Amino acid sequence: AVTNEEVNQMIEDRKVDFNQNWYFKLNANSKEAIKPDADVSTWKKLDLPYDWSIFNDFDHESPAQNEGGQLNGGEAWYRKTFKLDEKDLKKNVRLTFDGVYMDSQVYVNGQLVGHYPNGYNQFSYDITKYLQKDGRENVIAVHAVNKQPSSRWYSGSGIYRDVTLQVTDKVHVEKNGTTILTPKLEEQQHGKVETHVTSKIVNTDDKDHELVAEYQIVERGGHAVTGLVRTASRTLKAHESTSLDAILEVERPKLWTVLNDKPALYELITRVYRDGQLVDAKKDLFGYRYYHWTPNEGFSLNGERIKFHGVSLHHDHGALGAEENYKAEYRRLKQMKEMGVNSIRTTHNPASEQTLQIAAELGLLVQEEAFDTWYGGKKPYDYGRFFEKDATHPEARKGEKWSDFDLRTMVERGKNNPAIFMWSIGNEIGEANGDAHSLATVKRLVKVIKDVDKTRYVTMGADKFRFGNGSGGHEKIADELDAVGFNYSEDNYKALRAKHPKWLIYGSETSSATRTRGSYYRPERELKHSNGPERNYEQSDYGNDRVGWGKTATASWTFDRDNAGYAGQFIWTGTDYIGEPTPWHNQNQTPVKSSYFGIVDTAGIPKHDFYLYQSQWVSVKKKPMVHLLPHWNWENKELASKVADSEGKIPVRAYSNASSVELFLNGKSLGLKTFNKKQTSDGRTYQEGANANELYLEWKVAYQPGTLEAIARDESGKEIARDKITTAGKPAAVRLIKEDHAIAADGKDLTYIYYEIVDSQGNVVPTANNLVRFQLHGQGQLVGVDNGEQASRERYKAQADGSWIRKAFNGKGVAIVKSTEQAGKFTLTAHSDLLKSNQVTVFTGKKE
């Protein structure tokens, strides 16, 4: 009866983007916010998402302290009015918020729909009953509160992720109603794979209805791989719900994996019939993958043994603040992928829809984390105070606490995403010590998950294993998990592995090395928690700085590499984030406001350890590379004195995955050096330099201005890669570098344009801190500027006079430009005092 074209249209119309045409006002009058025909002339008209804190100036007296990035919170209201189309009058209406930070209240036409404490977990409300008859307009009012301190990192404030509207028939697939399982995949993979699908269907009508479900699987952006599979027609009574199911068979599916960068994804199409009429249709993304994990060998995915080469990530995007954005998150996860990362940990909260989708699309395994605390709390205004309180969500189950409800809904939201393979039910929970309360809580939380989903490893990240020999009552908590996460506990691994030979162990959080891009200090030393005044609020890009409880990249990686029973690690952190500026943590009269832990700075510019990791994790066949550090501008006595050795030479180091690297200074060879080849005690091959603690090759080079060039060669002496560093003259010009020639004209897509301070020959001046002023013309919108410098107190956003400015830091920074909905172009022009100006143009229009 109904066309495939029509079913796709129904699917498309089922969900709309609801981000547009909101009004915002900080400290607005409650009664004014929720009331109809209110005076919004005093409010800011905007499109969501919108993190209000990122527009503040830094405040040394912020109750957030520097750990929260010294950007204030407070309270505010967002307000939207909308009319249902005539044809949608009797339809079910659901409003989904991907994240609101935090402690929120939603009002529809004057009445309180729900109060939702969690600042990161997605929540939705059926608002059908709160709507007007006959189609007069409705008022959505959202109140968001960030009372500080509520966070150990920058949170942002408000509606920082998308909001979506679902308009469905009275008879429909409930929110998160789809379950897709492939329980015999390993066995069936070379033939027909049984795909067990389940739909929770609800009948919100007051009449009884006859119900049939019809399923089909298709390749995402590909063709159908099944026909239609029908369920038996059964009665669904008024105000009742039921689970339908079916088995579909897919022949030799392409298996989702981290081992390529465009893994195979599938979608289940669900068609719902109400008395033989197609009334509801839906798609659900999933993949075919299987995995196994043993105590002594670690992890394997579709039968291929791998290690988690992983990073921890906070949610902010530097100059974007907490505003989640598809392009921003894609950019960052693609960068992680380019580094050889195959796994992410969403530290320490539920992820956005963007993150989860992009992980599935790029082939990144995900640990999704529910809690940074249990009933104890870490910060006065964090989640702890809500953990054991009864959930008041209208769809909460009897006896559900917020912890129960929030854990359950997170798992229901993500149970079909192929990228997720671990659920974490806590990071460094101090209360989880093995006492009767904590033991009862771990079992309860494990079971909440298991009642939804048994296919993924339940875990926690625990730093308790680093104290003494690692033992204690917390071992009783670990015994209840599928896999035991070790925060910074490498030193006790041997002993703990001997004690618990059945544990699946990995590094849930490692390193916490601290680094500032382009800054260098005492390369000959390892520096522990070095935060003296002589450091000038910077840390060393040689990667020789680490916090008291931390390890260098080399120390934390070599240990992982050498032990098969330690399945991998999630480095703290993959990128910098606003807040937590250890080792100047909560020294609030100091200038620092953002992190040093990132492999990549907040502006998306990699620090040198990026290439260290790339050299270890990306095969010489996939991407031959060689990367040199430090810079070659040593004219400054102060800078050079901190770096030069006792003979005044500069330690020049190369990371490479090649067999050999030869360093040249101004055309003249300083020697070919060869990586030592070694094997792990279980027969895996690896390369190192002069000793076990050096993954680079080093030359002590006496300082002559000019050019360092490194030639990387395969075993047969064939050149496979080059890298070059040139001494720069004095600043002469600002140069702009486009990442994109064009982006989509959807008002959502954006582009990153780097600016560099260059000398007259076009070399980057690696020490340059020049102020740059920006002009934008055409069909675009500036939405951020950044240089990643931790000690900077510069605005990420427009100045109070509407201007856009930012200093270079160590030669570089970035400007971020969002598209509009009009096709055309925009031109970014950059100016700096007494330097040559430059412009670039980026086109906008059609999406790929």
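The numbering used is simple: start at 1 and walk along the sequence shown.
Original post:
Which is higher on average in the deposited entry, the C-alpha temperature factors of 586-594 or of 751-759?
Top reply: Here the higher of the two C-alpha B-factor means belongs to 586-594.
Original post:
For the stretches 597-605 and 215-223, which has the higher mean C-alpha B-factor as given in the deposited record?
Top reply: On average, C-alpha B-factors are higher across 215-223.
Subject >> Identity of residue with top Cα B-factor, from 791, 800, 38, 815 >> reply: Comparing C-alpha B-factors across 791, 800, 38, 815, the maximum falls on 38.
Subject >> Per the PDB entry, maximal CA B factor within 242, 342, 195, 767 >> reply: Going by the entry's C-alpha B-factors, 242 comes out highest.
Original post:
Considering only modelled residues of the same chain, in which third does the CA B-factor of residue 468 rank: lowest, middle or highest?
Top reply: As the PDB entry reports it, the C-alpha B-factor of residue 468 lands in the highest third of its chain.
**OP:** Would you mind checking where the Cα B-factor of residue 43 ranks among the modelled residues of its chain, as the lowest, middle or highest third?
**Re:** Highest third of the chain for residue 43's C-alpha B-factor.
Original post:
Compared with the other modelled residues in the chain, in which third is the CA B-factor of residue 838?
Top reply: Tercile = lowest for this residue's CA B-factor.
Original post:
Thinking about Cα B factors across the chain, which third does residue 664 belong to?
Top reply: Highest third - that is where residue 664 ends up once the chain's C-alpha B-factors are sorted.
**OP:** Could you say whether, by C-alpha temperature factor, residue 273 belongs to the lowest, middle or highest third of its chain?
**Re:** As the PDB entry reports it, the C-alpha B-factor of residue 273 lands in the highest third of its chain.
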